[PDB]
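In what follows, a single structure is set out as structure tokens and then discussed.
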Amino acid sequence: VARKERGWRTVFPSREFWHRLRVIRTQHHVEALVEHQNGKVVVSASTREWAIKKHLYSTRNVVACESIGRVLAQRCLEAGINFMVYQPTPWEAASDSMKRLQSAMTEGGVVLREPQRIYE
Amino acid sequence: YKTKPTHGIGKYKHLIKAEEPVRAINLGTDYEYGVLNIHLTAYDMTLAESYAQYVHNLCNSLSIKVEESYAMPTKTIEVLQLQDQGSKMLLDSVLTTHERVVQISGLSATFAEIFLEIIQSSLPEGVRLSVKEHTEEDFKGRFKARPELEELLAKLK
Amino acid sequence: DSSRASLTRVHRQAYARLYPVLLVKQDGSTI
Amino acid sequence: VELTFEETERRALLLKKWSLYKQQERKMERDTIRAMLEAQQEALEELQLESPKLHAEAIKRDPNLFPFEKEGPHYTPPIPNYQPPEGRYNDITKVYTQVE
Amino acid sequence: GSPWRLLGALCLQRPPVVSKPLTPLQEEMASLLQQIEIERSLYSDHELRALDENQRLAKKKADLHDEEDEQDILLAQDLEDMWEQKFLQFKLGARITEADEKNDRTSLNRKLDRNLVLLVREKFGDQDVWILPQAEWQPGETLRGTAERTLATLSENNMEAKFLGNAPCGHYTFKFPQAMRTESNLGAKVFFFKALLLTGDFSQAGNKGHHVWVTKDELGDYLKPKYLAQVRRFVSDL
Amino acid sequence: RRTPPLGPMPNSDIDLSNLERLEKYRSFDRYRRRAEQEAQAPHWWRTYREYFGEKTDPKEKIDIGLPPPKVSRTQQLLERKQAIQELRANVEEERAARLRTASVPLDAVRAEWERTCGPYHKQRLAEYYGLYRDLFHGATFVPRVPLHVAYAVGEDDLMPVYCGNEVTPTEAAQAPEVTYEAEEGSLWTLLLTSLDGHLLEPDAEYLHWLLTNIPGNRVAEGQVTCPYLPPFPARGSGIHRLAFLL
Amino acid sequence: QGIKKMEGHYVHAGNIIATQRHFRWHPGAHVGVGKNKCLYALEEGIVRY
RNA sequence: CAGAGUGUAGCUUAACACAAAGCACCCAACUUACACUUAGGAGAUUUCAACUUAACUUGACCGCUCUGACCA
Ligand SMILES: [K+]
Ligand SMILES: [K+]
């Protein structure tokens, strides 16, 4: 029943969500964030963390992105986050890295769509 | 709004090049060369394209503007050979000549020596390098010959 | 170096097989 | 023909080595240009101090530099006393004409 | 005038005559590129011809229905035999020459795949020093002109050189020993100019042991430590 | 009529004389990255953050927790770089990564996460849930002692308590099993409070459990200052927050 | 055309905030945009630019 | 050979620790090429000792950059 931030129809990305999965890919690392629309980070998984880095041959490949998805999905369930929106660019959505990360999240239990607000 | 201090915060068209609808060749100053054509001719098409690609990427690394990269028309030559104990020339081989041009501009006078030293040092075997100054004739030579215009022009002569 | 950009293959989708050959020039040099 | 697992493995590992070998070729070229540029600019600075009249001439462009033609290296050098076969060269390039 | 004696030095270079040999890794990559090129290519005319003739032999052996007697006199594999025979008869020019075997460092026919630099020996205060040819600057002349003049004052040559640009590519300033060091003659200021040796060579008269053509690696044997450090900056070995 | 800007205007540092020679973005991703950075900076004009951003206090949040642990970075970095080289030296690891068949052991990741970044992720998550706001009036602490709480459901199953996962009042009908790492001679106090359950006062809480003077991690030997009461979230009142504080 | 609800004005849901031929003002938080580029309030509250 | 300054891979006033980061860079595929995008690749604290802390502070030790000596 909470308001979502509707509007912003002429810019990208949308604000009409409560939580969103945001994936940051750098030259050396892969980080995935779950953040509230107000901008507060809720949970996070990064290959910069030693807990994840120690088990990865590379922190910049498809395997690294899939591993981040699996780790983040577990942390989401422990925090109570079962729903979020994912707002990729066209090239990001088509990439195998993001497709493997998304499958990891859904296999991990998280649903990457949010239920509609109830207005009445 | 005009009166407010934030007036013009949304201005953007001054940050983009003026694109308001062949090309005039710019003669260089006394410290820069004009448009330069870098011709790369080889009997092998892959070598000419691989070096033309190398020169293009090298220019980008050195912040030398690449006006255009294009291929010149291929030239086919039949190679006949006089047969043993005979006066008849027989076709031996057909050799094709492939040319690629990387057109650059703004090359500094002092830096040309270094740039030329680098691109000549990396020239593959069988590839000829020819760096010329761009002229209208070079651009016009890329276009089909017009026979009808020649006949009408001949009448005026 | 002459080998800086000499290791190549035909970058075409459809092309017939090509064979490496030595082209002997008129002075005796080869390429 | 499908490649064997070992062949595809050998081809992938060779390409990984090719990335690092070409990275070090580029480094040598990038540091050769830098050395030449520093040497030239440091020589021009010293020239300006010694005689500003010669420095002005030095930084000017050369009218005779272009056209600059250089053929690439051969595989084997010219043979001192090699007689090529007799023959003819017949250009058979198609001429394209625009009508209309 | 000024205390320093202006000098113009010439860095005359013979570019490689032949291509550099492939390194071990380049050989493997060259093999893979050729392998890939064949795999992704269409059948060539010489391949299709060799295929049909194989099938024709089967059709002239199994079916026994062939209606053409002449066909082709020569086959595809037979034609390849003639080609391979001609190739073996031809002898290529030596990439490693006699001057390489004899280490004749005065000839231009050594180290065909390397880049050579011209060094001359001059006597300075009854001392033999190896330097890149140089000449003293004269009024009414550019510093490049001095370098081009240096070329014309060598010992009996017909060398044609192409100068690259008007700016110097390096410099070296030294001071004379205090014995002869004077307020009016403090030292000298050399300025090197690179050039490419198009064609020509010292004549047999001019080959009399007062110059060498040396690669950048073997360049220190002749030059002095400080003079070497300044020449190894604009002399590339790519 | 015009008014001078109250500060530096956007895009002023761009030199417009050398526009052709200036590097362009060339990619949507590079512009967006710069755009997101500019949006986060403070500005002298009216912004969305000014009207919609939560009004945090300027003074920093007082830390009331245990001191950070002391670490030798030099020794830590040496051991970490050595472990990575050993992992990368293995040829099967390279092939599993290249063929995209490798995976991480999630259980081992969590164990190391509990000992490294875990405490700071819990603090960040507790701040998001408003626990520091409601329990300590904005004062924060890093939970440096991992606290493991699990409700026994049936006889073979446990329902763990993490940091916001949903547990039903039926599952929490009896006191949970609590374990932590404690040295001998240490004393501890555990309490359970309902932040949102109070039926009368909006700013008050219900104390559901209070164990005091616990010797080490032997929770069953602590004094029962307040006996365990199961959660009773009222029907139609939404989702309540129950927090265990050690 | 132009602004119908200036800075600080109270709007009910559905109220048109501005009409325009081209995008002079863009829709922000809780502001819808019509097919004709019309800006309208999606929530009851105070208009801010 | 001496005297000063100087110190993370190419850049950075990246590095609180939870961690050696971000960018630049190299190969392949796409592209005439470039560019973009995808999928891969390589990396650093000069070295030891001092609340063991310290990439950071003080010392030496190395590399670097200048100023003189030396220099044809
Ligand atoms: K309540
Ligand atoms: K409208």
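Counting starts at 1 for both ligands and their atoms, in listed order. All chains are named by letter (A, B, ...) in the order of the sequence lines, taking the proteins before the strands, and each is independently numbered beginning at 1. Only heavy atoms go into these numbers, but all of them, side chains included; no hydrogens, no water, no symmetry mates.
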Exercise. Between F:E171 and F:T168, does a side-chain hydrogen bond (donor to acceptor under 3.5 Å, both in side chains) hold up when you go through it step by step?
Worked result: CA-CA 5 Å; F:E171 291 165 320; F:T168 72; 3.2 Å; yes
For this session: Check the pair G:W25, G:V31 against side-chain contact (heavy atoms from CB on, under 4.5 Å), reporting the backbone distance first and the verdict last.
Result: CA-CA 11 Å; G:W25 316 280; G:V31 171; over 6 Å; no
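- Taking backbone and side-chain atoms together, F:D196 has an N/O/S atom less than 3.4 Å away from the K ion (ligand 1).
- The K ion (ligand 2) has no N, O or S atom of G:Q1 closer than 3.4 Å.
- For the K ion (ligand 2), the N/O/S atoms of G:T19 include none lying under 3.4 Å.
- Counting backbone and side-chain atoms alike, F:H198 contributes an N/O/S atom closer than 3.4 Å to the K ion (ligand 1).
- Taking a cutoff of 4.0 Å between a charged side-chain nitrogen and a carboxylate oxygen, B:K4 and G:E7 do not qualify as a salt bridge.
- Residues A:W8 and G:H26 have side chains not in contact (no heavy-atom distance under 4.5 Å, counting atoms from C-beta outward).
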